[PDB]
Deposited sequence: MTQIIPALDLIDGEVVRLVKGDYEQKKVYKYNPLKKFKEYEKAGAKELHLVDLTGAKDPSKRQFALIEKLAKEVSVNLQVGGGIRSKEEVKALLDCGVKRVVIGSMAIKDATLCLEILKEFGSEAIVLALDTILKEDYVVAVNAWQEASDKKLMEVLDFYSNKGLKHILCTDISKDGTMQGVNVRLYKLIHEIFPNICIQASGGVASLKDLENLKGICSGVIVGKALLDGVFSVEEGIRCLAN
């Protein structure tokens, strides 16, 4: 299991969207490029970037900043943000982005997702699934495990699975893992301390950590150390 430090960007600014009853925006002082180099210098080997500006309106995707980030960062950069076209994905991988996160269309259009998968390969493509517990885990009507079953048999390797109720939902991941042992799970949501990281050790291939690193709850060094085998 590896830590994956994350930054959410709006108009070149590092922010975070706190969620719950009211979506609230907190703007940080950090320069995105400087913060990412710092994470890298601390030992991060994977970085996650969410373009919230592009996620809100694809015409205003932050290509210029993403491009620059991709070519100064010497480790793997992964990018997400309402990405829903092959052109988008191809533009991003051309900037030097290692992996692109798709997912808003995982069910409204399974054929395009498959197409993206075949064209660019399973190592370059991550499927984002937001999932909730009703009587069963469903995608936010369809069963999560069945949606996973479908993509798993078509060479899907990477998923970014978020419980949108959230510490972390350890039970959710232990059992995705129990059933789909070959899927590389990235956990996200609810990471509040080192203990969340420890509880996911051996279960998830990656843990997305944003707020905790930004607010100084723990450091990249501490995260890497406690995930070390």
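Against the full deposited sequence, the model leaves out several stretches, namely 1, 142-149, 176-180.
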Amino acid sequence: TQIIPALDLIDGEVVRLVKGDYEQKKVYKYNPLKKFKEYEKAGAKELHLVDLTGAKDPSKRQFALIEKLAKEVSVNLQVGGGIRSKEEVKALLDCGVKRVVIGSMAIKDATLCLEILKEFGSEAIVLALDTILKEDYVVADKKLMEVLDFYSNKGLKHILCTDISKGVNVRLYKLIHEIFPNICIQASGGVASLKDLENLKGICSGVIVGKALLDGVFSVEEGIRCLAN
From here on, numbers count along this sequence of modelled residues.
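Relative to its counterpart among 117-125 and 102-110, 102-110 has the higher mean temperature factor, C-alpha atoms as listed in the PDB entry. Stretches compared: 197-205, 56-64. Higher mean C-alpha B-factor in the entry: 56-64.
As recorded in the entry, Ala140 carries the highest CA temperature factor of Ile159, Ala140, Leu92, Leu144. Within the group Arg171, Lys34, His48, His177, the record's highest C-alpha temperature factor is found at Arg171. In the PDB entry, a CA B factor belonging to the middle third of its chain's modelled residues is recorded for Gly96. Remark: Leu77 belongs to the lowest third of its chain, ranked by C-alpha B-factor as recorded. When all modelled residues of the chain are sorted by CA temperature factor, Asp11 is found within the highest third. Sort the chain's modelled residues by C-alpha temperature factor and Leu214 lands in the middle third, per the entry. The entry lists a Cα temperature factor for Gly189 that places it in the lowest third of the chain's modelled residues.
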